[PDB]
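Written out below as structure tokens is the structure these notes cover.
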Amino acid sequence: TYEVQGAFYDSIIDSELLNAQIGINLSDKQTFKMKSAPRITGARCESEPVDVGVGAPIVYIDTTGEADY
Amino acid sequence: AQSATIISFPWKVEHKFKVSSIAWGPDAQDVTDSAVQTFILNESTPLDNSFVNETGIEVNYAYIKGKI
């Protein structure tokens, strides 16, 4: 989790003072969270105890991250 | 084939016959039976009877004999 600081600067203040960060206006403190990578937590095959015939075997894979694609 | 056979059936002694339609389900089964139907073979209405092959000692329910 990072805290970011916004700012603007003009030619009035040089690179030096920019490094010092005095006279340059600064933003209020806001911290943002980094969404974790897609994490796998459990992989397992399972179905009902097959009596006869062909039955569908399911695949149970468990993930615990965060994404959209 | 919906038809089974008893190869040596007792003679003159009746019998109660039931046929069961056993099913089978994924977890278990269940059976529905037909109504009882008793029958006995006698000297009335046999068929497909072409097994009378003389052998010289003809043992029969009506007589036991030996012929040449």
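Chain identifiers are assigned as A, B, and so on, following the order in which chains appear in the structure tokens; residues are numbered from 1 within each chain, and ligands are numbered from 1 in order of appearance.
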
Check which residues of chain A sit at most 12 Å from chain B using only C-alpha atoms, and return one row each with the closest pair of atoms and their distance in Å to one decimal, ordered by chain and rising number, as CSV.
residue,atom,partner,partner_atom,distance
A:48,CA,B:27,CA,9.4
A:49,CA,B:27,CA,8.8
A:50,CA,B:26,CA,8.1
A:51,CA,B:26,CA,6.3
A:52,CA,B:26,CA,7.7
A:53,CA,B:26,CA,9.5
A:54,CA,B:26,CA,11.3
A:55,CA,B:26,CA,10.3

Skip residue 40 (chain A) itself and residues of its chain fewer than 2 positions away, then list as a CSV table (one decimal) with N, CA and C atoms, in the first residue's frame all residues within 12 Å of it, counting only C-alpha atoms.
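As a result, around_38.csv now contains:
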chain,number,residue,atom,x,y,z
A,36,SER,N,-3.8,-7.7,-5.3
A,36,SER,CA,-2.9,-8.8,-5.3
A,36,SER,C,-3.0,-9.7,-6.6
A,37,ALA,N,-2.0,-10.4,-6.9
A,37,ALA,CA,-2.0,-11.2,-8.1
A,37,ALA,C,-2.9,-12.4,-7.9
A,38,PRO,N,-3.3,-13.0,-9.0
A,38,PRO,CA,-4.2,-14.2,-8.9
A,38,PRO,C,-3.5,-15.4,-8.3
A,42,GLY,N,-6.3,-24.1,-4.0
A,42,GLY,CA,-6.7,-25.5,-4.0
A,42,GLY,C,-7.1,-26.0,-5.4
A,43,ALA,N,-6.6,-27.2,-5.7
A,43,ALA,CA,-6.9,-27.8,-7.0
A,43,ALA,C,-7.2,-29.3,-6.7
A,44,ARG,N,-8.3,-29.8,-7.2
A,44,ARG,CA,-8.8,-31.1,-6.9
A,44,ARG,C,-9.9,-31.5,-7.9
A,60,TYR,N,-12.1,-29.0,-9.5
A,60,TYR,CA,-12.2,-28.0,-8.5
A,60,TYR,C,-10.9,-27.3,-8.3
A,61,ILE,N,-10.7,-26.1,-8.9
A,61,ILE,CA,-9.6,-25.3,-8.7
A,61,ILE,C,-10.0,-24.0,-8.0
A,62,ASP,N,-9.3,-23.7,-6.9
A,62,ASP,CA,-9.7,-22.6,-6.1
A,62,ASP,C,-8.6,-21.5,-6.2
A,63,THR,N,-9.1,-20.3,-6.5
A,63,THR,CA,-8.2,-19.1,-6.6
A,63,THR,C,-8.7,-18.0,-5.6
A,64,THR,N,-7.7,-17.2,-5.1
A,64,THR,CA,-8.0,-16.3,-4.1
A,64,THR,C,-7.4,-14.9,-4.3
A,65,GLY,N,-7.2,-14.5,-5.6
A,65,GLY,CA,-6.6,-13.2,-5.9
A,65,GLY,C,-7.7,-12.2,-6.3
A,66,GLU,N,-7.4,-11.3,-7.2
A,66,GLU,CA,-8.4,-10.3,-7.6
A,66,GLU,C,-8.0,-9.8,-9.0
